[PDB]
Amino acid sequence: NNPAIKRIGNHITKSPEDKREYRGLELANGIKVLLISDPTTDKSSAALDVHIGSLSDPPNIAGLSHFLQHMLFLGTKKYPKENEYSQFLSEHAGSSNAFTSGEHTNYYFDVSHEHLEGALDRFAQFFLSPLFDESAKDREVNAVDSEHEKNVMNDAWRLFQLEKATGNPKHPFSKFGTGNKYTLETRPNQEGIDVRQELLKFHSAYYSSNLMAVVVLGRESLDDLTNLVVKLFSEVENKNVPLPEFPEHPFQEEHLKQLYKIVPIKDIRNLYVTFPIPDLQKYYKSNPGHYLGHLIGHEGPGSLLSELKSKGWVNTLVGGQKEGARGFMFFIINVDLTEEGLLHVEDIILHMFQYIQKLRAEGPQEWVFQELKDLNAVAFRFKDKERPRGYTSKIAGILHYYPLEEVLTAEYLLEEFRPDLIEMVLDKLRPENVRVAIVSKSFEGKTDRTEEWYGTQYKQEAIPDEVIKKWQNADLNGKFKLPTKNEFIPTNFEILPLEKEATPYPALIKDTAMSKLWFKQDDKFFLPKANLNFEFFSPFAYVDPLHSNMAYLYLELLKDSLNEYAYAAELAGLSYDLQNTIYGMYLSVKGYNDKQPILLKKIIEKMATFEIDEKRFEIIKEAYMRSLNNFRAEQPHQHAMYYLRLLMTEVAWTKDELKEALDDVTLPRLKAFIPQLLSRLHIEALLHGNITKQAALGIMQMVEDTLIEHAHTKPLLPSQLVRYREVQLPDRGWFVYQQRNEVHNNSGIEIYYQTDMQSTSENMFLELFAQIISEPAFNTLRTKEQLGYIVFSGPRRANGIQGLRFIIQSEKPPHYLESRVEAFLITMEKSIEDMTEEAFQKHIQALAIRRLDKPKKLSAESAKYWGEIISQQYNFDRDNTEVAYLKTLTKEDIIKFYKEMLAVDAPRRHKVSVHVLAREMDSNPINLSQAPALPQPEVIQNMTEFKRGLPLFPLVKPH
Ligand SMILES: Cc1cccc(-c2ccc([C@@H]3[C@@H](CO)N4CCCCN(S(=O)(=O)c5ccccc5C(F)(F)F)C[C@@H]34)cc2)c1C
């Protein structure tokens with residue numbers, strides 16, 4: 001009947017555990033639509049995906065489609081205010097973002113479930129009448145430039161664009177996708193281009209309804225959402241744009257049998273092997289490329305990685321199909337190299353072709369296909385409920401590739417066993433079709449080429465024909481065997497009934513000297529999974545730099561030894577996480593609860609009886625040295641956060657201190673360390689999920705008994721369980737710590753206004769003030785003043801203390817950012833005074849909606865509890881309590897808080913600043929609002945002297 005709708009789809013196949021309701025349809029103008037109705041959801045969400053992207057950029061205006069993405073947020077005919085969209089979401093508990101790929105531009109948001117329609121209306125105008133204001137165009141070009149700048153010294157981005165640069169230059173694959181100030185302004189200016197014209201030209205040409213997919217999720221009925229979407233999106237005009245296709249591969253014959261030697265910024269050794277392949281997307285029900293990726297990339301007994309590890313040549317390997325665009329794809333194998341491996345790349349590649357040859361020898365394996373199929377089937381059935389914003393964005397993209405009825409299952413369920421396709425793809429993994437890239441600092445000075453956009457330095461050689469032949473003649477290596485049946489595949493999915501004494505929050509069910517056990521049986525999600533979290537306390541994990549190094553290497557070596565065994569468990573939905581902390585060790589086991597005790601028992605047994613392979617020890621130690629050194633290449637703003645974390649924590653070892661001590665770590669000393677670390681411990685655990693109190697008590701005691709049997713562990717004394725405190729800053733003080741980033745030509749800054757110990761009152765004063773200023777700070781500091789791509793504000797919480805923080809990465813010097821942030825804070829004092837009383841309550845309700853947002857998957861609820869436990873506050877009802885108090889706050893209360901704690905002349909202002917200067921700054925001391933004059937800062941010359949010159953805060957009292 002309805003003329004606005006071209007069709008309604010049939011039942012949209014979903015998991016029987018999914019309680020959400022789905023309708024799919026195609027609009028008259030061709031928009032493909034999925035509607036998701038979830039009456040429980042706290043946040044509603046919508047996303048739109050356009051099947052156009054950087055591959056469609058005009059060759060003379062690189063990055064135009066990425067630039068157009070940024071511009072749609074900045075105003076439309078119906079809603080002209082540059083920030084009406086941001087502001088509307090902020091005051092209704094929303095967020096938004098977008099990304100541009102070669103073939104897609106994806107826009108998405110979430111918001112309070114009551115304001116879906118208000119958000120969606122503003123959002124629809126992006127695709128109807130965008131302004132492309134000239135003042136916004138001039139300002140936003142800078143945001144794009146600093147984003148590129150951030151990427152210039154990043155080894156991944158350099159490799160990403162280097163690949164495009166070494167293929168057919170006539171192919172759109174070569175296009176620079178990001179854009180920068182040169183491609184978007186300075187160069188188009190000297191060629192007479194009116195960019196606002198090209199934006200409107202491009203938007204009008206390609207933003208056509210026939211290339212769009214929309215997904216909307218909210219509490220409304222499926223019928224109500226249907227009316228809503230036709231109301232807002234039928235207006236979008238249909239220009240029947242043909243969908244771009246790229247049938248000719250970017251890598252032709254002249255681009256094969258090629259070797260590239262590349263100089264990295266970080267000290268890394270990597271080998272990249274690539275084969276051009278046809279587009280396998282159409283074969284999604286068969287998934288031939290993923291079958292091969294599963295086998296080549298396997299890490300278990302008999303695998304290619306296993307032999308390469310034993311020879312001491314590589315440490316990690318990943319492989320499989322890599323997307324390109326419609327009409328072309330890649331198959332890749334990525335290994336990191338040891339020092340020895342760098343000298344044996346030829347042999348390493350031979351082993352690769354030997355393993356591939358084994359797969360040809362044995363032919364396709366239906367049992368392998370069956371196993372992959374069964375695992376994906378289990379995965380889909382018990383998939384965790386997704387956060388709405390990410391869910392709509394994902395679905396919006398794949399609406400372009402699968403029938404409406406299959407969108408939810410297309411990427412999970414497998415139907416066809418197709419050995420013809422497996423051999424077809426397998427026939428393409430041959431030496432005559434290969435491309436090899438080596439990344440090592442050993443090529444420094446030996447390169448003869450330079451990549452235009454990032455400056456990557458590299459050398460290109462043809463692979464010698466005799467070397468190709470050795471690879472082509474790869475025999476069978478008897479150390480390569482297909483994997484055996486995966487015995488970690490779960491079979492028991494029974495959901496145990498809720499016990500009578502079950503509780504809404506974690507209960508303390510064991511409180512001994514050795515262990516504190518918090519337990520909760522799942523009463524929400526009812527999936528056959530569980531989370532097992534353990535914190536191991538030992539003073540010897542962080543006593544000095546040397547011991548910290550050894551705690552790290554111990555767990556790295558242990559994970560290395562378990563890798564072959566645990567890989568099967570990971571494929572089977574059973575994964576673990578094990579790393580050292582400043583307080584000891586952290587262990588998490590997540591996944592299907594069926595075979596979970598088996599993996600946990602194997603981990604603890606291995607810890608307590610660990611034998612170190614000397615060859616593995618030397619290799620991992622070398623990698624760890626490089627990892628420490630490679631911090632020099634992180635981004636300025638991350639340095640600033642690192643430095644501030646060192647300044648404000650009672651105890652903290654620097655990367656330099658760790659580097660020095662790493663040389664004094666001998667194999668004998670490590671062998672002695674491990675038994676000393678395990679000799680005395682305290683264990684605090686959260687066991688949460690599809691398990692009962694008896695099972696949980698048994699799991700916790702199994703861990704203890706294993707440690708007692710093999711490591712003779714005894715309890716710690718309670719006075720030994722000590723937490724670190726935060727430095728207490730003086731009233732009206734201001735300290736600055738200054739450092740230089742020697743890799744990146746940007747500067748970074750973090751500003752911390754310390755308030756007081758966490759407290760129900762002090763917590764919500766800060767959080768509410770943070771909410772009020774969140775959007776304005778971004779609008780003022782980024783979109784208006786265009787200081788940098790990275791502009792952040794919000795609460796900082798550490799060691800029981802809290803405060804307000806600003807983080808900026810910019811080309812301008814830090815002392816300038818200091819004033820602009822100081823100028824902004826006064827704007828916020830007036831803005832709070834002038835704002836209406838309902839505008840204020842609007843923020844209160846926005847913060848409330850955020851805090852009370854219910855977790856949708858077990859892992860998220862577990863995280864909430866775990867944060868209460870590791871912080872030793874144990875405030876499991878915090879959300880209800882704090883929101884209740886928040887609602888009673890008044891505009892008067894926030895002004896007093898600002899006047900007392902944050903204002904420039906506040907009697908209790910505690911300000912500490914970290915300035916990370918850019919690579920090229922030697923030193924460092926209109927239309928914009930006026931900044932207050934600031935005092936003379938006390939320049940921190942030594943972090944140790946700084947800390948001992950000041951008091952230390954107390955620790956928070958447990959609930
Ligand atoms: C000159 C030349 C020749 C041959 C190849 C490359 C190359 C191409 C591309 C790269 C990119 C680089 C960023 O551009 N990325 C870094 C981290 C590893 C991430 N991935 S990946 O890990 O290989 C991968 C990606 C997608 C799907 C599956 C996989 C899989 F795991 F299955 F293999 C690619 C790698 C590097 C060199 C280059 C640059």
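Residues numbered from 1 in each chain as written, not as in the entry; some residues may be left out. Heavy atoms only, no water. Residues with missing side-chain atoms left out of burial classes, pairs and counts.

X-ray crystallography is the method the PDB entry states for this structure, with the resolution given as 2.95624845742 Å.

Visitor: I tried to follow the overall build of the protein on my own but got confused; where do I start?
Guide: Looking only at helices and strands, the protein has 30 helices and 27 strands in total. Over its C-alpha atoms the protein spans a radius of gyration of 29 Å, differing by no more than 12% from the 30 Å that the globule rule assigns to 959 residues. Dimensions of the protein along its principal axes, counting C-alpha atoms only, are 80 × 75 × 65 Å. (Helix = DSSP H or I, 4+ residues; strand = E, 2+ residues; numbered from the N terminus. Rg over C-alpha atoms; globule rule 2.2 N^0.38 Å.)

Visitor: I would appreciate a short explanation of the environment of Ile790 in the present structure.
Guide: Considering the arrangement of structural elements, one finds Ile790 in strand 24 (residues 790-798). Linking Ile790 and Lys150, residues 640 residues apart in sequence, is a C-alpha distance of 9.4 Å. For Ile790, the residues in contact, after removing those within four places along its chain, are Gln635, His637, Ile807, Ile808 and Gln809. (Contact = heavy atoms within 4.5 Å.)

Visitor: Is there a simple way to explain the sheet that holds strand 27 (residues 938-939) in this structure?
Guide: Sheets are built from strands that pair by backbone hydrogen bonding, the pairs being arranged parallel or antiparallel. Strand order in the open sheet formed by six strands is 24-25-23-26-22-27, with mixed pairing between adjacent strands. Strands at the two margins of the open sheet, each flanked by one partner only, are strand 24 and strand 27. Note: strand 22 (residues 733-740) against strand 27, two bridges, orientation parallel. Each bridged residue has a counterpart across the sheet, and for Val736 the counterpart in strand 27 is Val939. Of the strands in this sheet, strand 22, strand 23 (747-757), strand 25 (801-810) and strand 26 (910-917) are in contact with helix 25 (residues 814-834), which crosses strand 23 at around 45°. (Pairing = 2+ DSSP bridges. Axes fitted to C-alpha atoms, helices over the stretch in contact; angles between N-to-C directions.)

Visitor: When you look at the UniProt feature "short sequence motif: SlyX motif" in the protein in this model, what are you seeing that I'm missing?
Guide: Following the UniProt record, the feature "short sequence motif: SlyX motif" maps to residues 811-816 here. Span residues 811-816 is 50% helix and 0% strand, its end C-alpha atoms 10 Å apart. (UniProt positions renumbered as here; feature names shortened; annotations may be inferred.)

Visitor: Teacher, can you tell me more about the nonpolar core here?
Guide: Among soluble globular proteins, nonpolar side chains are generally buried collectively. Within the largest apolar cluster, 60 residues are counted, with the highest numbers of intra-cluster contacts made by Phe534, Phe536, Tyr554 and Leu707. Broken down by element, this core gets its largest block of residues, 11 residues, from helix 17 (residues 545-571). Leaving out residues up to four positions away in the same chain, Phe534 has contacts with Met585, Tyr586, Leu587, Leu600, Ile683, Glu684, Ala685, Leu687, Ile699, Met700, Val703 and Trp866. Judged by nonpolar contacts, the second largest core, of 55 residues, contains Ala98, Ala119, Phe126 and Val241. (Core = buried A, V, L, I, M, F, W, Y, C linked by side-chain atoms within 4.5 Å. Buried < 20%, exposed > 50% of the residue type's maximum accessible area, 1.4 Å probe, protein only.)

Visitor: How should the packing of aromatic side chains be read in this particular structure?
Guide: Both the distance between ring centres and the angle between the ring planes are used here to describe each pair of aromatic rings. Scanning the model with the defined rule gives 54 aromatic pairs in all. When the ring of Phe769 is compared with that of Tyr898, the centres are 6.2 Å apart and the planes differ by 25°; the resulting orientation is stacked. Of this pair, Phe769 sits in helix 24 (residues 760-784) while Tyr898 sits in helix 29 (residues 891-902), placing them 129 residues apart in sequence. Each member of the pair, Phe769 as well as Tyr898, carries the same accessibility label: buried. (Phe/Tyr/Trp six-rings, centres within 6.5 Å; stacked < 30°, edge-to-face > 60°.)

Visitor: What is the right way to look at the site of the ligand in this model?
Guide: Taken together, 16 residues form the shell around the ligand, and within it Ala156, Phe160, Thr274, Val318 and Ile332 come nearest. Within the backbone of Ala156, a nitrogen or oxygen atom sits 3.3 Å from an oxygen atom of the ligand. Here an oxygen atom of the ligand and a backbone polar atom of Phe160 are 2.7 Å apart. Looking at the shell around the ligand, the elements with two or more residues in it are helix 5 (155-165), strand 9 (270-277), strand 10 (317-325), strand 11 (328-336) and strand 12 (435-439). When residues in the shell around the ligand are grouped by element, the largest group, five residues, is from strand 10. Grouping the amino acids of the shell around the ligand by side-chain chemistry returns eight nonpolar, five polar and three charged. Of the residues that make up the shell around the ligand, three or more belong to each of domain 1 (1-243) and domain 2 (244-473). (Near = heavy atom within 4 Å. Polar contact = N/O pair within 3.5 Å; in protein donor to acceptor, adjacent residues only side chain to side chain. Nonpolar A, V, L, I, M, F, W, Y, C, P; charged D, E, K, R; others polar. Domains from an automatic or database assignment.)

Visitor: Which parts of the structure should I look at to understand a nonpolar patch on the surface?
Guide: The grouping of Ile495, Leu498 and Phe526 at the surface amounts to a nonpolar patch, some 240 Å² of accessible area in total. Within the element layout of this structure, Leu498 appears in the loop between helix 16 (465-472) and strand 15 (507-511). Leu498 sits in the partly exposed class, given a relative accessible area of 43%. (Patch = residues over 30% accessible without salt bridge, like charges linked within 9 Å, V, L, I, M, F, W, Y side chains within 5 Å. Areas by Shrake-Rupley, 256 points an atom, 1.4 Å probe, with all protein chains shown as cover. Salt bridge = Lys/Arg side-chain N within 4 Å of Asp/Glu carboxyl O.)

Visitor: Sorry if this is basic, but what is going on with the pattern of salt bridges here?
Guide: Oppositely charged side chains are able to pair whenever their charged atoms sit close together. Under the defined criterion, the tally for this structure stands at 65 salt bridges. Put simply, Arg219 and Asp42 hold a salt bridge, and the shortest N to O gap is 3.5 Å. One end of the pair, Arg219, is in the loop between strand 7 (212-218) and helix 8 (222-233); the other, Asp42, is in the loop between strand 3 (32-37) and strand 4 (43-50), with 177 residues separating them in the sequence. The exposure class of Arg219 is partly exposed, given its relative accessible area of 31%. Among the salt bridges present, the one from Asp879 reaches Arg851, with a minimum N-O distance of 3.0 Å. In this pair, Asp879 is assigned in helix 28 (residues 878-887) and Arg851 in helix 26 (residues 837-852), connecting sequence segments 28 residues apart. A relative accessible area of 16% places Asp879 in the buried class.

Visitor: Mind showing me how you'd approach the sheet that holds strand 12 here?
Guide: An order of 10-11-9-12-8-14-13 is seen for the seven strands of this open sheet, with the pairing classed as mixed. Looking along the sheet, the strands with just one partner apiece sit at the ends: strand 10 and strand 13 (449-450). Judged from the two bridges that link them, strand 13 and strand 14 (residues 457-462) form a sheet pairing that is antiparallel. Of the residues in strand 14, the one forming a bridge with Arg449 is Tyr458.

Visitor: I'm lost on the domain arrangement of the protein in this one. Help?
Guide: Many structure descriptions define interface size as the accessible area lost when the parts assemble. Domain assignment breaks the protein into domain 1 (1-243), domain 2 (244-473), domain 3 (500-726) and domain 4 (727-959). On a C-alpha basis, the centroid separation for the pair domain 1 and domain 2 is 30 Å. With 73 residues of domain 1 at the contact, the number on the domain 2 side is 53 residues. A buried area of about 5,100 Å², summed over both sides, lies between domain 1 and domain 2, and 63% of it is on carbon and sulfur atoms. One salt bridge connects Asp38 with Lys385, and the closest N-O pair in it is separated by 2.9 Å. Where domain 1 meets domain 2, there are 22 residue pairs in polar contact. If you tally residues by element for the side of domain 1 that touches domain 2, the top one is helix 5, at eight residues. Taken together, the residues of the side of domain 1 that touches domain 2 sort by class into 32 nonpolar, 26 polar and 15 charged. (Buried area = accessible area lost by both parts, 1.4 Å probe.)

Visitor: Help me understand the pairing of strand 2 (residues 21-27) in this model?
Guide: Successive residues of a regular strand alternate their side chains across the two faces of the sheet. With five of its seven residues buried, strand 2 lies for the most part within the structure. Direction of pairing for strand 1 (residues 5-8) relative to strand 2: antiparallel, over a ladder of three bridges. Within strand 2, the position partnered with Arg7 by the bridge is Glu26. One ladder, built from six bridges, connects strand 2 with strand 3; its direction is antiparallel. Bridge pairing in strand 3 places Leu25 opposite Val33.

Visitor: How should I be thinking about the environment of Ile603 in this particular structure?
Guide: Within the element layout of this structure, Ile603 appears in helix 18 (residues 596-608). Residue class for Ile603 comes out buried when judged on its relative accessible area of 0%. Residues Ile603 and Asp877, 274 residues apart in the sequence, show an inter-C-alpha distance of 33 Å. The contacts of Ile603, once residues within four sequence positions are left out, are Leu562, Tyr576 and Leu587.

Visitor: Quick question: what am I supposed to make of the packing of helix 9 (residues 288-296) against helix 15 (residues 419-426) here?
Guide: Geometrically, a packed helix pair is captured by the angle between its two axes and the distance between the axes. Running from amino to carboxyl end, helix 9 crosses helix 15 at an angle of 65°, the nearest separation of the two axes being 8 Å. In the packing of helix 9 onto helix 15, the handedness of the crossing is right-handed. Counted together, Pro288, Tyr291 and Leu292 of helix 9 and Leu421, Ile422, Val425 and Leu426 of helix 15 form the full contact between these two elements. A per-class count over the contact of helix 9 with helix 15 returns seven nonpolar, no polar and no charged. (Left-handed = near helix turned anticlockwise from the far one by under 90°.)

Visitor: Which parts of the structure should I look at to understand helix 5?
Guide: Since the α-helix turns once every 3.6 residues, residues separated by three or four places project in the same direction. Within helix 5 the residues assigned to the buried category are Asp155, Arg158, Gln161, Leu162, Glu163 and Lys164. One side-chain oxygen at the N-terminal end of helix 5 lies 2.9 Å from the backbone nitrogen of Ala156; it belongs to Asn154.

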